[PDB]
Structures are given as C-alpha cells and as structure tokens.
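In the block that follows, a single chain appears as structure tokens, in the form solved without the named molecule.
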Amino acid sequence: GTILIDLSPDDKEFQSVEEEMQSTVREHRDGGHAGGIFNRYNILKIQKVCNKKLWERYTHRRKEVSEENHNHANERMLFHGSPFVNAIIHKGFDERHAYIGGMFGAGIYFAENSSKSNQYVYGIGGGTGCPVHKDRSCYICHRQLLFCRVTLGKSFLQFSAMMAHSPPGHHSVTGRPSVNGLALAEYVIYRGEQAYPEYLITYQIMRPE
C-alpha cells in the first residue's frame, strides 16, 4: 500500500525537511561512539511516504487523543532511527519497533535532535555500525532516518539526568534532559498508531574538516 514520492532539492518541502535535519545536529556525550563523528549530513534523497490506510489509522487515533486533551493533539514532527525503516514505511509502527529497554519505558522513541536518532540507525547504541565496514562512524555507507508526524496528547514530563502503557491519564512521555542544557527532548509513544512516517531521508554523515 505504500508508495514513495521523490522530492526535488528545488522543492520548498525538501528544503524545509533538510533544514530540520541539519539544524538539530548536536554533539553527543559519547564522543561519537554510537552515531559517529560529524557536524552535518550529506542529504542524498528525501521521499514522501504515502499510504492511505496507515494515514487513516493515524488520523483516527489523533482525533481520539485530541478529544481527551482539550481539543489538542499536540502533534509534532520528530525523528526516528532504526534498522527497521523498511518495515515501518510499509506496515506502520508497532510493538516490534518498541525499545523495550529504553529510559522512559518500553515504547516507540522519537527525537528532536536528528543526531540522537542517528545513534539508533544501526541498532541500540549504534550496534556494530554499518553492515559493509562494521563502522559506527562510516562516512561511505548510506543511512536512513524517518521524519514522522507524532501525536503526543497529554505528555508526561519526565526530567532525565542526561509494549508498556502510557502513564494513566497520559498519551505519551517526554524525556527532557536536565543536565545537558543543549540536548533537546525525546518522546515515547505506546501505540503505533500515534505516529505516521511522513518522510524517508537518505543521507551520509560527513567527516569534519
């Protein structure tokens, strides 16, 4: 049911998505261990993900959440990194895309920092890095992130020192770093239908000069 529509680098939509990727890179406290060493990306392709059934699943849950939260879906655009991008874009988010051992519970994780999501592209903590070179900082191999539409509803605020159910009365969790004042938030959802993978971004990390 999924088709992928290539966006032109001249299209304003491509440019707004690239800008959100590039502008939300930060330094990581592991010195690049998980995601590699880089300050910016080479964006190779941005594709719009189109799937009527997955979209309608998303908008149906969005209306439910909105009705439970003073008519406010609290919808965001957020990054998601995973070796299972190919299955997500075809079949949607589900429990197999849950990070069972994450800090904010067994759910599906999203990030404001593209570079946080990049740490998960090859597995938890970057796994063993790219398939070809076993390099977590591979500058050659192509990586993929999703830039997703996510319904947060009433989000439980969990300050952090950096499938389950939402905390009662809530629709998501906000993991808000309280020590590193330049790290942006992460969010966790517990129903796959509260996210739609809008864009598939193909990229390489770039070796700093």
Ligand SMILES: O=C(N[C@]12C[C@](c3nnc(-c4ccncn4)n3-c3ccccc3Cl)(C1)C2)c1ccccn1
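Heads up: residue numbers just count along the shown sequence, starting at 1.
In what follows, reference is made to the form deposited with the named molecule bound, a form of this protein that is not presented.
Classification of the binding site as blocked follows from the superposed pose of the named molecule in the deposited complex: three or more of its atoms fall inside 2.4 Å of backbone or C-beta atoms here. None of the heavy atoms of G129 is located within 4.5 Å of the named molecule in the deposited complex. In the deposited complex, the named molecule stays beyond 4.5 Å of every heavy atom belonging to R136.
At a distance threshold of 4.5 angstroms between non-hydrogen atoms, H97 is in contact with the named molecule in the deposited complex. Proximity to the named molecule in the deposited complex holds for all of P83, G102 and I108, with the criterion being a heavy atom within 4.5 Å.
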